[PDB]
């Protein structure tokens, strides 16, 4: 396992788990300096932003992670569900259903 990326993920999850979504986001942006193309980093980053209520932001991060998630179906399913939840919180139930449709058949 790649230690540096995993260290930042681990640190991010400890911070999110503690209620410090700001630092978690900072830790995940530091993770990108090591792994700018890691969809799992983007997945967690989109989660933290979504948990902060920054839905439109989360959606674009998750949509970016998706472009790097090719041939990783469990992860693409996860990212689409995140995108659905981000559309929902933006008042968009059509784009949310269409996203959950892509999560179910990827």
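Positions refer to the first chain, counted from 1.
> Of the choices 60, 47, 27, 40, which one's C-alpha carries the largest B-factor in the record?
So the option with the highest C-alpha B-factor is 40.
> Compared with the other modelled residues in the chain, in which third is the CA B-factor of residue 66?
Middle third - that is where residue 66 ends up once the chain's C-alpha B-factors are sorted.
> Select lowest, middle or highest to describe the third in which the CA B-factor of residue 85 falls within its chain in this entry.
Residue 85: CA B-factor falls in the lowest third of its chain.
> How does the C-alpha B factor of residue 8 compare with the rest of the chain: lowest, middle or highest third?
For residue 8, whose C-alpha B-factor we compare with every modelled residue in the chain, the answer is the lowest third.
> Per the entry's values, where does residue 74 land by CA temperature factor relative to the rest of its chain, in the lowest, middle or highest third?
It falls in the top third of the chain.
> When the deposited Cα B-factors of this chain's modelled residues are ordered and cut into thirds, is residue 94 in the lowest, the middle or the highest one?
Middle third by C-alpha B-factor.
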